[PDB]
Amino acid sequence: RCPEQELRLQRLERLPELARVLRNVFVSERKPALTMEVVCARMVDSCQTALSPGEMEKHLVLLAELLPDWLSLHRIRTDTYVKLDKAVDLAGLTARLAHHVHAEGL
């Protein structure tokens, strides 16, 4: 197993917990979208993670790639807005995330 892939597996292992942290940040926010910068700052501050905000951004992007029906990113000028589809349950998402990760077979 090569380094790039070991790194991906490292990141993928964090996602279920990070997804919950993300959802909680949005539950506490009245606004429907937040900039990536803000979201990353709130996520790193919301748990005991070993990640920098830059590394957190990388994980959020992975999440957006794995769960595009839940997590959308929209560039407006130099900001990137993060929006959650709140019409989906973290339970359903969590099962889908697990399935996707497993299906990669590493």
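All residue numbers in this chain count up from 1 along the given sequence. Worth knowing before you read on, the calculation uses all heavy atoms, side chains too, and leaves out hydrogens, waters and symmetry mates.
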Discussion item. Would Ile76 and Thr35 count as a side chain to side chain contact (heavy atoms under 4.5 Å, CB included) here? Give the steps.
Written reply: CA-CA 10 Å; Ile76 307 179; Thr35 67; over 6 Å; no
Worksheet item: CE of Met43 to CG of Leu51: how many Å apart, nearest 0.5 Å?
Response: 9.0 Å
Response to the item:
Rounded to the nearest 0.5 angstrom, the CD-CZ distance for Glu6 and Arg11 is 11.5 Å
Item to complete: Show the numbers, then the answer: is there a side chain to side chain contact (heavy atoms under 4.5 Å, CB included) between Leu34 and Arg42?
Response: CA-CA 10 Å; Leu34 293 169; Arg42 291 186 192 181; 3.7 Å; yes
Discussion item. Side chain to side chain contact (heavy atoms under 4.5 Å, CB included), that's the test. Do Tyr81 and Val39 meet it? Break it down for me.
Written reply: CA-CA 9 Å; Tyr81 281 91; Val39 171; over 6 Å; no
Worksheet item: Is the shortest heavy-atom distance from the side chain of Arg77 to the side chain of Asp79 under 4.5 Å?
Response: no
Discussion item. Would you compute the distance between atom CG of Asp45 and atom CE of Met56 and round it to the nearest 0.5 angstrom?
Written reply: 9.5 Å
Worksheet entry | Where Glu55 and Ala50 come nearest, the two heavy atoms and their spacing | OE1-O, 3.9 Å
Item to complete: Of all the heavy-atom pairs spanning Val82 and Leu71, show the shortest one and how long it is.
Response: CG1-CD1, 3.3 Å
Worksheet item: With a cut-off of 6.0 Å (strictly less than), are more than 12 heavy atoms of other residues, nucleotides or ligands near CD of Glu104?
Response: yes
Worksheet entry | Contact check, side chains of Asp69 and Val88, non-hydrogen atoms, under 4.5 Å | no
Worksheet item: Can you tell me how far NE2 of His59 sits from CG of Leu22, rounded to the nearest 0.5 angstrom?
Response: 13.0 Å
Discussion item. Is it the case that over 12 heavy atoms from other parts of the model lie below 6.0 angstrom from the CD atom of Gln10?
Written reply: yes
Discussion item. For a 4.5 angstrom cut-off between non-hydrogen side-chain atoms, does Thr80 reach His74?
Written reply: no
Worksheet item: Under the 3.5 angstrom rule, does the side chain of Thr94 hit a backbone N or O of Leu90 as a donor-acceptor pair?
Response: yes
Practice prompt. Report yes if some heavy atom in the side chain of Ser46 is under 4.5 Å from a heavy atom in the side chain of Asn24; otherwise report no.
Written response: no
Worksheet item: Under 4.5 Å between any side-chain heavy atoms of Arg23 and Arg20, yes or no?
Response: yes
Worksheet item: Heavy-atom distance under 4.5 Å between the side chains of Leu62 and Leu15, does that happen here?
Response: yes
Practice prompt. Would you indicate whether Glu37, at its atom CD, is surrounded by more than 12 heavy atoms from other residues, nucleotides or ligands within a distance under 6.0 Å?
Written response: no
Worksheet item: Does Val61 belong to the same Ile/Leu/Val/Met/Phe/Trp/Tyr cluster as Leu84, with side-chain heavy atoms less than 4.5 Å apart forming each link?
Response: yes
Worksheet item: Quick one: side-chain contact (heavy atoms from CB on, under 4.5 Å) partners of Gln48, sequence neighbours excluded?
Response: none
Worksheet, complete the sentence: So CG of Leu18 and CG of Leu60: to nearest 0.5 Å the spacing works out to 7.0 Å
Discussion item. Rounded at 0.5 Å granularity, tell me how far CZ in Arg8 sits from CD in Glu13.
Written reply: 12.0 Å
Discussion item. Which heavy atom of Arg96 sits nearest to which heavy atom of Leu67, and what is that distance?
Written reply: CB-CD2, 4.3 Å
Worksheet entry | Side chain to side chain, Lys83 and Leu73, heavy atoms closer than 4.5 Å | no
